[PDB]
Amino acid sequence: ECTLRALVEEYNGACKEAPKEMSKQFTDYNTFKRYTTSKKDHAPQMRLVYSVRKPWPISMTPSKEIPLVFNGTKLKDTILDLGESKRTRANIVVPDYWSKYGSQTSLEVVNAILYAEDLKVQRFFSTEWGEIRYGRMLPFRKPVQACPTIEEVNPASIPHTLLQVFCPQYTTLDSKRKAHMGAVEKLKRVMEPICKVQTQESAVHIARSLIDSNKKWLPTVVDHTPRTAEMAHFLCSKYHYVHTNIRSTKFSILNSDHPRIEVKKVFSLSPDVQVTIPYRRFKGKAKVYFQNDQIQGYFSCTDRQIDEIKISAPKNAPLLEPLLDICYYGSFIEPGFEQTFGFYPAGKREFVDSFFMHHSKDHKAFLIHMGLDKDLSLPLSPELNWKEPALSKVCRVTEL
Amino acid sequence: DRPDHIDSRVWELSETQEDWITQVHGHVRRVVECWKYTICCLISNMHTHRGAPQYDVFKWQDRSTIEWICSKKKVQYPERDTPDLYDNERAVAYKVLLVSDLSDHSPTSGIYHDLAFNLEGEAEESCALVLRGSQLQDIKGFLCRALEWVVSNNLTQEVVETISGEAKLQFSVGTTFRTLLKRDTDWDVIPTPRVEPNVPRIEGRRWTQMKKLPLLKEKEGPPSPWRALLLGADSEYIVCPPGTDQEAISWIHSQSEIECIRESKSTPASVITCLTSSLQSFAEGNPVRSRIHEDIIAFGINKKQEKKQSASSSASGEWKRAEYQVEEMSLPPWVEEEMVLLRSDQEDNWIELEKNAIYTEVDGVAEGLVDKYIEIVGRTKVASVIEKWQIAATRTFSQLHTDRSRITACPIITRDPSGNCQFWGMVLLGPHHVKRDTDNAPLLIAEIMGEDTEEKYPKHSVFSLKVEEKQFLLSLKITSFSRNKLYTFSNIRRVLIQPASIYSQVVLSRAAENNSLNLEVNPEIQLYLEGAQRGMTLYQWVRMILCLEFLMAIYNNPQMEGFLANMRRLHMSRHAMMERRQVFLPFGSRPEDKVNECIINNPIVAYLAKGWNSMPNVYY
Amino acid sequence: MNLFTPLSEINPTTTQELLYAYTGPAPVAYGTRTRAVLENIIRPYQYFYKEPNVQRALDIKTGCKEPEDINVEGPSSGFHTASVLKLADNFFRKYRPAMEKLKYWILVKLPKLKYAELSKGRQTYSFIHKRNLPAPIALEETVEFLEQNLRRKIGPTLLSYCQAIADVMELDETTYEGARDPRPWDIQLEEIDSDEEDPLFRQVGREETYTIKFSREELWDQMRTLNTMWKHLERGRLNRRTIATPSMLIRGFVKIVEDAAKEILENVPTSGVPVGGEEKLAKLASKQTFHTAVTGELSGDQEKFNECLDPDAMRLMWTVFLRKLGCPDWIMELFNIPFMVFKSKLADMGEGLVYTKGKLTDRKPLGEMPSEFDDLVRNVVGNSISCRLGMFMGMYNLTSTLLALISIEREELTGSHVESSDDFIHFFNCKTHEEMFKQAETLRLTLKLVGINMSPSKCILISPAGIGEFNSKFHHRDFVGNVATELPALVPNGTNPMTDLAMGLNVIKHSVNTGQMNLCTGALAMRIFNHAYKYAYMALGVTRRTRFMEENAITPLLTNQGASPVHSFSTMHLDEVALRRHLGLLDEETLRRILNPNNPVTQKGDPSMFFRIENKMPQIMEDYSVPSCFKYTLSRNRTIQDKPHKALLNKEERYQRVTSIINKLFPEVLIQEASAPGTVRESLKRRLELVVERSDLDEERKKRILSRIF
RNA sequence: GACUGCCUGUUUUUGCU
RNA sequence: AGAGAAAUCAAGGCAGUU
Ligand SMILES: Nc1nc2c(ncn2[C@@H]2O[C@H](COP(=O)(O)CP(=O)(O)OP(=O)(O)O)[C@@H](O)[C@H]2O)c(=O)[nH]1
């Protein structure tokens, strides 16, 4: 195939011309991706005026669509710029020449590149403003998500979600588990026409922009939403204010001998600094029926130990985080309720997030507390997935 | 450093799998991992079934191809716990786990069926079953041959430590580096001073109250001259018939007579030939002209060599440390007349900024305030001076090739709404090769005057210009202007922002109190004018704020910067006392000494100091 | 000044904007930095003793002094050891969450810190080329040096880099074996990459070998040596200061220490050096619910901050924190290396003091002829001079703030303190004026205890709180925006029209959000920036661009092309291209051309890009402008020719070739860092057979693709 | 010496945190 | 000359001839 042949030829050329640089470690790419002698960022405001008026003031990769002379004007130069492997100089009118006498692209490609920007423009030209009300407003800066997102994602799951969007085959099971399936398909659908090796560099940035939730410090007079945060520069000020217009599971305790007891626990950072965080716990016997999208089932409750669990799930459907929530409400697994993760926590939000990440990274606690057996009739595997060929299946589990 | 019993290929392959230099006994761990890799590669040595090798090795392979092979096998393995090698004949996985006791039959994981050896060859019973006898013999050989290596290099404790536990981070500083580190400090690497922790009780000094505001000193000396590049308030233009720049320069060059009224020693009167040649060349059609004999004097060509030769000729014989003295000059009397002339009212709007788009009523309010500000501060002499400064700076900076050896002409021509050309003056760029940010480009600026002074313009040569029965004054000066200053004066219109900010704050505060914007408010603002508290109307105040800011910008030397930085504190203290609040200072606190050091020769700093010290110094 | 002080309507504090001479020529430094360097080196030695005695002070290694030696009236360099110990203990006893987060960073975040973070810096001193070079180049050359001398492979983590630096000094002699261009004056052209009626030529480069040898002492001196430079465009001072840059052999250690200080300071409420830590001062100021009590406000600054600071004091503070936390010995043996190296610092002297004989001047070294700095001749090591006391430059601002904050934690001081290097502000809340004076003097003396030394003439206390200043942010019942502080940033940048417009709009929007601008100021700023934008890009009057568009019927459709403004005040966040598309200014025919990925002119970049206003604190902005044909890059500077070290061009072009073969086989390094263990060649190989094997082609074709691979 | 040709206008020891 | 302020620019390198 043509692209594979070109890749082979490029690899051979890299081996031939640059043998020393190709013998470096792969992790060095994080350093030599930026290895340049250019200093085009050392106070460039003082050089703009006479640098765009200088002969050959631009850098252009060699191409055939650009004639040497167009209507008496020398558009491009035949000499490669120093320090640049595949770029030469040209006249400043080449950007203007391309705007009319240039090649075209697909309409879908234009929309893909102009996706986030057009979404912002539509959001601006899609709402009805109020009447400017003047007064001695008191604006206070608060951390608010500035740019609206297609779907809420954790800051740590963004790289994994992007890897799933672009390179689902060059990823691990852990990275797939840490992804945010539910927003990956939207990005794939809206990004497909541009997911090419030619434009993968520019696609990752615009895909992150739709998914990143950077928390900027912005003035406010009323509690902003993600929508009314990117526009805070003209909706609120010191003088005017225009008025614009467990995780994901259901518990259903159902049958229960006693209600959820709350054992308040105090973690002592110091004799003088202490943190009090209570956890919900089931006492005695209970029968709780859960549901998560297409997976459903109910489990028995014997003190803080999971007596037995049975589920109905599609075949080869991941089930790690649902059973992690199941362990969360009931406090069936530790550490995460009684003893710390080696470091004393600060708040319940941080504590619950850490409980989620630590146990999603390693589910050994669930297996060791839950039950394992040597047979084949058991539905799940040590990896917490539904029917599959595997060994040492998780005991004390039946079908529903 | 590679043991002879370990293959070279596996050694170079294990070199970078894990960081062995920052691990406790990292070498022994690397040797153990090489042991495991040689065990797994030694297994499946040419062994095959169907049409593929019987065992697939997963240790130290690229994870992408590992996932690909697992996908071919319809099974998923995590990174944190992945089996060593996978058997496809029995469809089960395995992990080589060297354990000294050999009695730990308990499986480490249920995902993969583990296999173990006892460090001298014997395997666990299920491991013996799942492997062929030849493989067992080969493992016996490798373990014994590594055992002699372990015994010879007496590492029998490190090997069991590494096969027992996991990796531990370490960072070791050697004995040679430690002495070099401790050469210049009394303490050691981990400071352990043998002193009891306590806070000493130290006696200090009392804190004094600044009862009266400091009085800035006023230097005494000759009046300061006009050191700015252009002329400022004493700058006029010649009305010309409508047309292009060349069509006006030709008209000036044709209908004019040049005679010298004043001839300063700094700029010889013989440099007028360069100006006449430049105007002639620009009239013909070529802005860039070659050199003439007078250009050497005009732009100081080959002046460095001449000065160096003269300095070499004139020698004394001491080689003393250089002492540069900066002359102290008092406040010139032309600052007040400059400030009152720059506030004068013209007839045209000299601020022509393209209007922004208006999509929301917030912008309509925003553009209304900007339009009113431009109306206030546009028909004013200072606006015209800002304009002429901007054209003078930009038509030189843009056509400053920054590498040139011929004289360049950059006329200062504007246009009135009636279309008549306005020849403010001409800037003659000379041979320039500026690279550093401190290099100066030679200039010869000819400018139309309104009135000569000879105590304000000592280095300017004044000529008499007669154009159609009208008598103007032409001033020629020899200046050297750096690239940074040309750049920062190309954006001279930015000075409008600060008075605009003040005006905007006043108007928006009035709108806030009235809950409605007026944009026509003319507030009465009280100020310490001529000592007594008088009042202005925010229209001439903002105008003269603009004039003062323009004078400050064109006179921005390090003295002005330091003076303002050390004067913001005094202004804040004045604000504090104006609110019936008391100000206290530490022992040796004299905040006026950091201000008096910046008052040396700049005229605007002297004007600001005189304005400060004319105010009341105590607020009862 | 009488026009800048309104007595009615707006207050004089709102007129601090007018007290800036910005938009004018920023002061620039002329000549030799050697006098400033020697002054900044002799100042710590002069201030050690109450009676100035430089000669005795030059024999002091650790600036520990008895309590009675501190000059309560004037600057005093040094510290009190017992006071530092007790103050660090008091700081550790409070702010326990900060210490726990430090421990988390040490045992969860430090082990996986990569040395590739050193490449995101800027110009560093190079011990091989004896000049300042870009951070990636210096990092590459020092990594190659360590690999060649230690005969092993440097680990990706920064801990491995630091261990390699620690181990290379154990050797006696070291060599580099670099590359040079024999004759940079013999530019030779070859016809390559094109021969079809449009010939393309690329310059060829000849290479030789340095083979330079370093001994242990010379390498140690180069590690100690920190190159000095003028601070150009320094707005705010009459006297020019001097900046300095350390070598690449200490920068990893320094980064470790500074990151530890960052995750300490981001969690304490008394620090302002966090970026989001300057907005807590608004909360402190709004905390004005005093119950009719004497509440002052002391805004001030510290004199000789980099001179009166002994590295041993902050070294002791760091080891106290690490010992009370429970960290192992090697942790404190890793956090103490930077301070002991800078204890033996070798400041690089300039080109020599200016000696004159009549009118001609000569640049002579410090040793030759008598000068004012005759006491420091004994400290001259070649062209570099040692200085044990003082910091001499601000590489440690975070841990310096840490020292100033541990000084704060006493029992007498019961106020609110905010510390940002030099500038600071205190909010006393006492019962009587005498108690306030006692607390202020206790503050002064305690900062002098560790050597912080507030400038007497720069600290002003207002007994009724409400008026003050901090980092050019003035306070009068609230913090008033200062438009002047960001005026030098309204000039268009110098990268390309799209990025320039994006940065201009983002700067104006940020100034509006912070309160430094409002409706009219922001709109006028935009109108001025638009004209500056159009002029700078040859879109005003008759120019070459306008001519080329005139005799080619190329109508202007973009702002950089001379079209009408499209960005309003409400739309600084919107991008030009999408805004013009929605309003009907750009048709699909033009869009499919300018946005065509096959553009030969567009240059790929990143949303986040370096932004420095004028020699100020570096900042990071957002560049959301789409990669159209107008997002180009300027031509490379060609001063590098005629220089022996032009061989860096060949190395960087080879590295660009390798970066081009990567990013095409590895669609994952764009999203995250590179983590595959092995060489570039082996990884590229394996990925090639993987991509060809995972494709859908005939088996014989796959075999021939494999055969063509070598 | 100067005198022919070539090169560079941020990379010449000079914008660090 | 001048710019300027605590010391610099007012062109600098290289190859050949000499
Ligand atoms: N790393 C950097 N630190 C800087 C820079 N500019 C200022 N600083 C910091 O500011 C402080 C330097 O201020 P000085 O030591 O000159 C003290 P002050 O401001 O009072 O000046 P003088 O009164 O003239 O001594 C010190 O903390 C530095 O780290 C800079 O460009 N880089």
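- This deposited entry lists cryo-EM as its structure determination method and 3.06 Å as its resolution.

**Some details on the site of the ligand**
All names here are of chain C.
In step 1: Taken together, the neighbourhood of the ligand is formed by 14 residues, with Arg237, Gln302, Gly394, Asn397 and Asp422 sitting nearest.
In step 2: Here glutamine 302 contributes a backbone N or O atom positioned 2.9 Å from an oxygen atom of the ligand.
In step 3: Side-chain polar atom of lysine 304 to an oxygen atom of the ligand: 3.1 Å apart, as the coordinates give it.
In step 4: Protein chains bury 75% of the 650 Å² of accessible surface belonging to the ligand in isolation.
In step 5: Classifying every residue of the shell around the ligand by side-chain character gives 1 nonpolar, 4 polar and 9 charged.

**Looking at the interface of chain B and chain C**
In step 1: Counting from both sides, the interface comprises 160 residues of chain B and, opposite them, 166 residues of chain C.
In step 2: Of the roughly 14800 Å² buried at the junction of chain B and chain C (both faces included), carbon and sulfur atoms supply 65%.
In step 3: By the criterion of area lost to chain C, the three top residues of chain B are B:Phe171, B:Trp319 and B:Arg321, representing 7% of everything that side buries.
In step 4: One can count 12 salt bridges joining chain B with chain C.
In step 5: Here chain B is connected to chain C by 52 residue pairs in polar contact.
In step 6: Taken together, the residues of the side of chain B that touches chain C break down into 78 nonpolar, 44 polar and 38 charged.
In step 7: Relative to strand β13 (residues 353-357) of chain C, strand β12 (residues 320-321) of chain B runs antiparallel, the two sharing 2 bridges. Counted as the bridge partner of B:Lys320 is C:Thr356 from β13(C).

**Some words on the pattern of salt bridges**
In step 1: Counted by the stated rule, this structure contains 88 salt bridges over all chains.
In step 2: As a salt-bridge pair, B:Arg590 and B:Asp593 come within 2.6 Å of each other at their nearest N and O atoms.
In step 3: Accessibility expressed as a relative area gives 46% for B:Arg590, which makes it partly exposed.
In step 4: The closest approach of N and O atoms between C:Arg636 and C:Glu652, which form a salt bridge, is 2.9 Å.

**Quick notes on the packing of helix α14 (residues 381-397) of chain B against helix α15 (residues 483-490) of chain B**
Residues and elements named next belong to chain B.
In step 1: Put simply, α14 and α15 touch, their axes get as near as 8 Å, and they point 130° apart. Regarding the angle of α14 to α15, the classification is oblique. Both α14 and α15 take part in a crossing whose hand is left-handed. Residues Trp389, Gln390, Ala393, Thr394, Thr396 and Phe397 of α14 touch α15, and the partners they reach there are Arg483, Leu486, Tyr487, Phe489 and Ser490.

**Section: the pairing of strand β9 (residues 225-230) of chain C**
Residues and elements named next belong to chain C.
In step 1: The element β9 is extensively covered by neighbouring structure, given that 5 of its 6 residues are classed as buried.
In step 2: Bridge analysis of β9 against strand β12 (residues 346-348) gives 2 bridges, and the strand direction is parallel. Following the sheet pairing, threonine 225 is matched in β12 by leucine 346.
In step 3: With 5 bridges connecting them, β9 and strand β10 (residues 242-246) associate as antiparallel partners. For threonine 228, the partnering residue across the bridge sits in β10 and is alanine 244.

**Quick word on the domain arrangement of chain A**
In step 1: Assigned domains within chain A: domain 1 (110-242) and domain 2 (255-399).
In step 2: Summarising the inter-unit geometry, the C-alpha centres of domain 1 of chain A and domain 2 of chain A are found 33 Å apart.

**Digging into a positive patch on the surface**
In step 1: On the surface, a cluster of positive charge is contributed by A:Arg5, C:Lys703, C:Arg704 and C:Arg708.
In step 2: A per-element tally of the positive patch places helix α22 (residues 699-708) of chain C first, with 3 residues.
In step 3: Residue C:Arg708 is classed as partly exposed on the basis of its relative accessible area, which comes to 42%.

**Digging into the interface of chain A and chain C**
Quite often, the size of an interface is put as the accessible area lost when its parts meet.
In step 1: Across the contact, 135 residues belong to chain A and 160 residues belong to chain C.
In step 2: Here chain A and chain C share an interface that buries about 14500 Å² over both sides, 61% of which is from carbon and sulfur atoms.
In step 3: Between the two partners, chain A and chain C, sit 9 salt bridges.
In step 4: Notably, a salt bridge pairs A:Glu10 with C:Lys664, separated by 3.0 Å at the nearest N-O pair.
In step 5: For the pair chain A and chain C, the number of links is 58 residue pairs in polar contact.

**Some words on the packing of aromatic side chains**
Two aromatic rings, taken as a pair, are described by how far apart their centres are and by the angle between their planes.
Residues and elements named next belong to chain A.
In step 1: Considering all chains together, one arrives at 60 aromatic pairs over all chains under this definition.
In step 2: A cation over a ring is seen here: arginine 260 above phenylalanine 251, with NZ or CZ 5.6 Å from the ring centre.
In step 3: Over the ring of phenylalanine 267 we find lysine 265; its NZ or CZ atom is 3.5 Å from the centre of that ring.

**So, the protein's contact with RNA strand D**
In step 1: Around RNA strand D there are 48 residues in total, and A:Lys39, B:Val434, C:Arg33, C:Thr639 and C:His645 lie nearest to it.
In step 2: Expressed as a percentage, the sugar and phosphate content of the atoms of RNA strand D within 4 Å of the protein is 52%.
In step 3: In the model, a phosphate oxygen of RNA strand D is placed 2.6 Å from a nitrogen or oxygen of the C:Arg131 side chain.
In step 4: Separating a phosphate oxygen of RNA strand D from a side-chain N or O atom of C:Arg638 is a distance of 2.9 Å.
In step 5: Elements with a minimum of two residues in the surface near RNA strand D: β9 and β10 of chain C.
In step 6: Grouping the constituent residues of the surface near RNA strand D by class yields 12 nonpolar, 18 polar and 18 charged.

**With respect to the domain arrangement of chain C**
In step 1: Splitting chain C by domain gives domain 1 (483-622) and domain 2 (668-708).
In step 2: Look at where the C-alpha atoms of domain 1 of chain C and domain 2 of chain C centre, and you get two points 42 Å apart.

**Here we look at the state of the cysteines**
In step 1: Within this structure, the stated rule accounts for 0 disulfides over all chains.
In step 2: The structure places no disulfide on A:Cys395, whose sulfur is separated from the nearest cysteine sulfur, that of A:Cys327, by 15 Å.

**Description of helix α18 (residues 558-578) of chain B**
All names here are of chain B.
In step 1: Helix length check: α18 (21 residues) gives 30 Å between terminal C-alpha atoms against 30 Å at 1.5 Å per residue, within 8%.
In step 2: Its axis deflected by about 30° at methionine 567, α18 carries its strongest bend there.
In step 3: For α18, a buried count of 20 out of 21 residues is recorded, marking the element as mostly surrounded by other parts of the structure.
In step 4: A positive phi of about 55° marks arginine 580, the residue just after α18.

**Here we look at the nonpolar core**
In step 1: Among the nonpolar cores identified, the biggest contains 251 residues, and B:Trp389, B:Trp541, B:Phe563 and C:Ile662 are the most heavily contacted of them.
In step 2: When near neighbours in sequence (up to four residues on either side) are disregarded, B:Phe563 contacts B:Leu216, B:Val595, B:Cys598, B:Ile599, B:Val605, B:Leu608 and B:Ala609.
In step 3: Core analysis: the second largest hydrophobic core is formed by 110 residues, C:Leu85, C:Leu159, C:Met223 and C:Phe342 among them.

**A few points about the environment of C:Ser695**
In step 1: Mapped onto the elements of the fold, C:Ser695 is located in the loop between α21 (680-694) and α22.
In step 2: Looking at C:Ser695, the relative accessible area reads 26%, which means it is partly exposed.
In step 3: As a C-alpha pair, C:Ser695 and C:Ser386 span 309 residues in sequence and 63 Å in three-dimensional space.
In step 4: Residues within four places of C:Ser695 in sequence aside, it is in contact with A:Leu4 and C:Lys702.

**So, the layout of surface pockets**
All names here are of chain B.
In step 1: Estimates place the volume of the second largest pocket at around 1600 Å³.
In step 2: Considering each element in turn, the lining of the second largest pocket owes the most residues, 6 residues, to strand β13 (residues 407-415).
In step 3: Residues belonging to the lining of the second largest pocket are distributed by class as follows: 15 nonpolar, 15 polar and 14 charged.

**Side note on the sheet that holds strand β20 (residues 583-585) of chain B**
In step 1: With respect to topology, 6 strands assemble into an open sheet ordered β8(B)-β20(B)-β19(C)-β11(C)-β18(C)-β17(C), the strand pairing being antiparallel. Pairing within the sheet leaves two strands with one partner each, and these edge strands are β8 (208-209) of chain B together with β17 (416-420) of chain C.
In step 2: Here β17(C) runs beside strand β18 (residues 423-427) of chain C; their pairing, made up of 5 bridges, is antiparallel. Note that in β18(C) the partner of C:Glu419 across the bridge is C:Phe424.

**Concerning a negative patch on the surface**
Residue and element names in this part refer to chain B.
In step 1: On the surface, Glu336, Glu337, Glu451, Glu455 and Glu530 cluster together to form a negatively charged patch.
In step 2: Along the chain, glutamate 530 turns up in the loop between β18 (525-528) and β19 (533-536).
In step 3: Classification of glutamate 530 by relative accessible area gives exposed; the value is 78%.

**Describing the protein's contact with RNA strand E**
In step 1: Residues in contact with RNA strand E amount to 32 residues; listed here are only the nearest, B:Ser266, B:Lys459, B:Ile478, B:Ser480 and C:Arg35.
In step 2: In RNA strand E, the atoms that sit within 4 Å of the protein are 60% sugar and phosphate, with bases accounting for the remainder.
In step 3: Between RNA strand E and the protein, one listed contact pairs a sugar or linking oxygen with a backbone N or O atom of B:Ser480 at 2.7 Å.
In step 4: Listing elements by their share of the surface near RNA strand E, those giving two or more residues are α11 (303-313) and β17 (470-482) of chain B.
In step 5: With 4 residues, the top contributor of residues to the surface near RNA strand E is β17(B).

Here is what the cut-offs are and how they apply
Residues numbered from 1 in each chain as written, not as in the entry; some residues may be left out. Chains lettered and ligands numbered in written order. Heavy atoms only, no water. Near = heavy atom within 4 Å. Polar contact = N/O pair within 3.5 Å; in protein donor to acceptor, adjacent residues only side chain to side chain. Areas by Shrake-Rupley, 256 points an atom, 1.4 Å probe, with all protein chains shown as cover. Nonpolar A, V, L, I, M, F, W, Y, C, P; charged D, E, K, R; others polar. Contact = heavy atoms within 4.5 Å. Buried area = accessible area lost by both parts, 1.4 Å probe. Salt bridge = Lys/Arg side-chain N within 4 Å of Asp/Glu carboxyl O. Pairing = 2+ DSSP bridges. Helix = DSSP H or I, 4+ residues; strand = E, 2+ residues; numbered from the N terminus. Buried < 20%, exposed > 50% of the residue type's maximum accessible area, 1.4 Å probe, protein only. Axes fitted to C-alpha atoms, helices over the stretch in contact; angles between N-to-C directions. Parallel < 35°, antiparallel > 145°, perpendicular 65-115°, else oblique. Left-handed = near helix turned anticlockwise from the far one by under 90°. Domains from an automatic or database assignment. Patch = residues over 30% accessible without salt bridge, like charges linked within 9 Å, V, L, I, M, F, W, Y side chains within 5 Å. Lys, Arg positive; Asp, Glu negative; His and termini not counted. Charge placed at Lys NZ, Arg CZ, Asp CG, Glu CD. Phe/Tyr/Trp six-rings, centres within 6.5 Å; stacked < 30°, edge-to-face > 60°. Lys NZ or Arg CZ within 6 Å of the ring centre and 35° of its normal. Disulfide = S-S within 2.5 Å. Expected span 1.5 Å × (residues − 1). Bend = angle between axes of the 7 residues up to and from the residue. Core = buried A, V, L, I, M, F, W, Y, C linked by side-chain atoms within 4.5 Å. 1 Å grid on protein atoms, 1.4 Å probe; cavity = no way out; pocket = protein on both sides within 12 Å on 5 of 7 lines; lining within 4 Å. Points joined across faces, edges and corners; volume = space filled by probe spheres on them.

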